[PDB]
Every structure is written in structure tokens, then in C-alpha cells.
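Okay, so here's the structure we're looking at.
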Amino acid sequence: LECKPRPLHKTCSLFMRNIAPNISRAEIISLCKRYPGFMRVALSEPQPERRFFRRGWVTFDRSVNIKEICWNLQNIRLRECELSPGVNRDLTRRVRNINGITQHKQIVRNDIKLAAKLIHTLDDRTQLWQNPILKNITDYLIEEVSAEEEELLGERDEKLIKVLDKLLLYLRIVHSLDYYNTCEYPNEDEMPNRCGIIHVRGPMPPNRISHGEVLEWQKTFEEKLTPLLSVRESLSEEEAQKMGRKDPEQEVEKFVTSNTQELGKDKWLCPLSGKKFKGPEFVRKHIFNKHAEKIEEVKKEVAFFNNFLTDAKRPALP
Amino acid sequence: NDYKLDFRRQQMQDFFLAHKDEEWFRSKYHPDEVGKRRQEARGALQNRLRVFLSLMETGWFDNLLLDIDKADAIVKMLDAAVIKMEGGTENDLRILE
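Line by line, the protein sequences are chains A and B.
Residues 410 to 538, 554 to 578, 600 to 763 in full-length UniProt numbering are what the first sequence spells out, letter by letter.
Residue numbering for the second sequence follows full-length UniProt numbering, beginning at 173 and increasing consecutively.
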């Protein structure tokens, strides 16, 4: 005799409109963990237009009364930010159609190439695994024709579509990349619905599919997909030096000389330990050997600053 | 004597000092949190990979295309994926029937 089935796909949740960037996930988790049937918290990417404020989503079990939980958290501030949540209702329209030209042979044949490159790049980017769905994938891209038979004597294609679906379903289920819409949903795994909206081919064009219009769709569609495989931008070696890229070993040397303070003649007290020494060479040996935890943190602080400084597509105010 | 370079640099320096301790900023650039969040992100993606391969071999993509004719079948497949993502056995899928 077997146990009851669990409807895990259904989960009710809260929605907080404005969360300050000074608030961490742990503060929101610890706030909502005291309520029964807590699952997980999601936070959107902070937008510079709203002074880097995020949108929250606290997910719960479907068994619990979300309306009473929403009421209890109504007038509760965190640090100094009123959370003031509302009940997030379920997704109404999850299968959204697009233009019906995407079931044409030439677009389907082109989309197999593009979808394959999206998988090839993202599997190397995230570093999984080789992917078995891409075995002999270029064999479907090449055309097979009876050209010799025509020379002497003188629409929907289901085989290609079955191949494409496996790639698009992989992209959407694994990498959370909705292919036909041309967009990622990066936080989905934390969000209330783990696999929400998917985009789907249209019914069929009522008129003839034009000869040049097929080429215009392919040009416009790859233009929409190009930002999805965007490698993170970095400034040049000269431009980073102008903005002031801190050298790791030089900045560590500044940390040593600042801590190596001279109390008097033959008296070199450092404030890190609080122990006297006879010369500054002995204080350097003390800092490098004994306080090896601190010199690592100085190198982390410089890398932390340099990673922010190097990134050309930098988070800054509008 | 470039004003623009000094302005962009001072804005950048004032930004780093202001958003130093914040968790969103630490997650993007601080080596320890970038290492921890990427390993957490990879583990979640490896879980989703098993769900896809489970839906492959079980046959939830067996006779299912991405067309609005089969809009009802896609929603059922999507719910089947989320159940498997949450650690749902084959018994747990029966509520979809």
C-alpha cells in the first residue's frame, strides 16, 4: 500500500515590491522561516533606476493559508524598509504562441543551428558534463536532394521539428532559456513557479510565405539572440590602469608598512598582534608567517575591487 | 587634466565604498561569494539536467511538439518537470491524471 501523491508543481507565494539592497537573503529567510510551510526566497536583479531596489518572492507550501501569512507580514519593516507584501496569484497563460512562420522548413533548419550554438556555449559556460543531443547535429542542417534525377529527366517537415524540440526543451528545462521569446529567466529555480511560461509556434500563416520574408525573419531573430551569448565585457590594459587597477603585491606591501609602526628607537610595535620588535624586518616576518589569514583578505579585497573595476558593463547610477 | 576620467573614477570609487557590504554586489565581484554562488548555481543546473533526462527516457517528450495544438500537453509536461525538480517520485506525478 503506497503513500499519497504530492502536488509539488502548485505552490502559493508572496510578492514584495520594493526591497532595499542593504537587506540580505538570510534576513528575509529567517523572517519567513518562523511561519510554517516555508520553502524559499527569490530576489530580482537590482535596477539602477530605482536606486538599486529588488523585487522579492517568498515561496510557501500550497497547504498553508497565504492570505493570513500576507496579513501577518503587512506592517513589518526590515532594517528600515517596509516589506508590505501581496499574494502572488498563479500564472494564467503559460503556453504563449508566437508568429506561425517558425514552423517553415528554412526557419526550422536555421533554428537548429542557432539552438545548437546556444547549447554548445552554455554547456561550456556553466560547465556541465559531452551533451548526447548534439551527436551528429550538423547532419540535420545539411540538405538532402534528388538533384541528379531531376537533371537527367529534364511547409512543415516533421523530422527536423522533432530534433529542434529536443534542443529547445533542453534549453528551457535545463538553462531556463525560452528560445522563441529570446530571453533567459535566470532566477526561476528560486522563484515560486520553477518552470513557468514557455513560448510556442503559431498556428499557420493564412497567406503564402514570401521568398525574401524568410530571410528577414532569420536576420531579425539572430539579432534578438545575440545578447544571450554575451561574454562579460572588460576594459583594456591601459584603460584599467587609468581608472586605477590596484596591484596585489604592491597593496600588500602598503598593508605591511602601515602596520609596521615605529614606537621608538629599537621599538617596532604593530597593532595587529600588539607585540614589540627590534627592527622592521622582524615585523615583516611576523606579519607574513603568523598573520597569514590577514594577507589573504587583503588580496581578496584587491581582487574584489579589480573585478568591479575591470567590468566595463558596470553597475552604476543613471 | 581630464575632468571626465576623474568624474567616472570618483563615481566608481564612491560606488564601491557605498555598495561594499551589500550582498548583491559581493555576489558579483568578491572572489569568495562568486566561488560559492557559482557552485550553488551549478548544483541547481545539474539537478535540472537529471530532470530533463528523466523526462526523455520516461517519454514526456515522446509524442509532444512545441505547437499550441498540444498546449495542454506542454503544461502537463511543465508541471511534471517541476515535480521532478522538487524531488518527486513517479507516484507523485499521478495527481496530474
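Beta carbons: idealized from backbone N, C-alpha and C, even for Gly.
7 Å Cβ cutoff met for residue i and residue j
i, j, result
"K669 (chain A)", "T627 (chain A)", "yes"
"residue 581 (chain A)", "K611 (chain A)", "Here chain A breaks off after 578 and picks up again at 600, leaving residue 581 (chain A) without coordinates."
"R471 (chain A)", "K413 (chain A)", "no"
"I618 (chain A)", "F224 (chain B)", "yes"
"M425 (chain A)", "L531 (chain A)", "no"
"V697 (chain A)", "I643 (chain A)", "no"
"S433 (chain A)", "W466 (chain A)", "no"
"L565 (chain A)", "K604 (chain A)", "no"
"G647 (chain A)", "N508 (chain A)", "yes"
"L238 (chain B)", "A245 (chain B)", "no"
"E258 (chain B)", "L417 (chain A)", "yes"
"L487 (chain A)", "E454 (chain A)", "no"
"residue 581 (chain A)", "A685 (chain A)", "Missing from the coordinates is residue 581 (chain A); the shown part of chain A jumps over it, going from 578 to 600."
"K744 (chain A)", "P693 (chain A)", "yes"
"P760 (chain A)", "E458 (chain A)", "no"
"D520 (chain A)", "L609 (chain A)", "yes"
"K242 (chain B)", "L268 (chain B)", "no"
"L217 (chain B)", "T535 (chain A)", "yes"
Buried or exposed (CB count within 10 angstroms, at least 16 for buried), residue i
i, result
"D251 (chain B)", "buried"
"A253 (chain B)", "buried"
"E633 (chain A)", "buried"
"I485 (chain A)", "exposed"
"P651 (chain A)", "exposed"
"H656 (chain A)", "exposed"
"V450 (chain A)", "buried"
"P637 (chain A)", "buried"
"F733 (chain A)", "exposed"
"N497 (chain A)", "buried"
"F749 (chain A)", "buried"
"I428 (chain A)", "buried"
"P494 (chain A)", "buried"
"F179 (chain B)", "exposed"
"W232 (chain B)", "buried"
"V676 (chain A)", "exposed"
"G260 (chain B)", "buried"
Cβ shell of residue i (< 7 Å), same chain only, five flanking positions each side left out
i, result
"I255 (chain B)", "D264, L265"
"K712 (chain A)", "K721"
"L616 (chain A)", "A524, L527, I528, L622, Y624"
"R505 (chain A)", "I642, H644, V645"
"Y444 (chain A)", "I478"
"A757 (chain A)", "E678, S679, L680"
"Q554 (chain A)", "none"
"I654 (chain A)", "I510, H513"
"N431 (chain A)", "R488"
"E205 (chain B)", "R198, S199"
"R601 (chain A)", "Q512"
Start-to-end residues for the alpha helix (DSSP H) that takes in residue i
i, result
"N219 (chain B)", "203-230"
"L523 (chain A)", "514-535"
"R646 (chain A)", "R646 (chain A) -> no alpha helix (DSSP H), and no H or E assigned at all."
"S703 (chain A)", "693-704"
"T665 (chain A)", "658-670"
Terminal residues of the beta strand (DSSP E) in which residue i lies
i, result
"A451 (chain A)", "447-452"
"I428 (chain A)", "422-428"
"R464 (chain A)", "463-469"
Neighbour flag for residue i against chain D, beta carbons, 7 Å
i, result
"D251 (chain B)", "In summary, chain D is missing from the structure at hand, where the protein chains are A and B."
Own chain residues within Cβ distance below 6 Å of residue i, not counting five before or after
i, result
"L674 (chain A)", "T530"
Close Cβ partners of residue i (< 8 Å) along its chain, the five nearest in sequence each way excluded
i, result
"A190 (chain B)", "none"
"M448 (chain A)", "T420, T468, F469, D470"
"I606 (chain A)", "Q512, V517"
"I475 (chain A)", "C421, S422, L423, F469, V496"
Point to revise | Members of the stretch 258-269 of chain B that neighbour chain A once the beta carbon cut-off is set at 7 Å | key: Going along the stretch 258-269 of chain B in chain order, one finds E258, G260, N263, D264, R266, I267 with a Cβ nearer than 7 Å to chain A.
Point to revise | Residues of the stretch 504-523 of chain A with Cβ closer than 8 Å to any Cβ of chain B, in chain order | key: Within the stretch 504-523 of chain A, the residues whose Cβ lies closer than 8 Å to some Cβ of chain B are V504, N506, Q512, listed in chain order.
Practice item. Residues of the stretch 684-703 of chain A with a CB closer than 8 Å to any CB of chain B: list them in chain order, please. Key: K687, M688, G689
Check your understanding: What residues from the stretch 183-194 of chain B come within 9 Å of chain A, judged by C-beta to C-beta, listed N to C?
Key -> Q183, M184, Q185, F187, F188, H191, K192, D193, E194
**Study point:** Residues of the stretch 205-219 of chain B with Cβ closer than 7 Å to any Cβ of chain A, in chain order
**Key:** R214, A216, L217, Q218
**Study point:** Chain-ordered residues of the stretch 449-478 of chain A with a beta carbon less than 9 Å from chain B
**Key:** Answer in chain order: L452, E454, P455, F461, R463.
**Study point:** Contact list for the stretch 742-758 of chain A against chain B, Cβ threshold 8 Å
**Key:** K745, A748, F749, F750, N752, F753, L754, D756
Review point. Name the residues in the stretch 413-426 of chain A whose C-beta lies less than 7 Å from a C-beta of chain B; which are they?
Key: Taking 7 Å as the upper bound on Cβ-Cβ separation, chain B lies near residues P414, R415, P416, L417, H418 of the stretch 413-426 of chain A.
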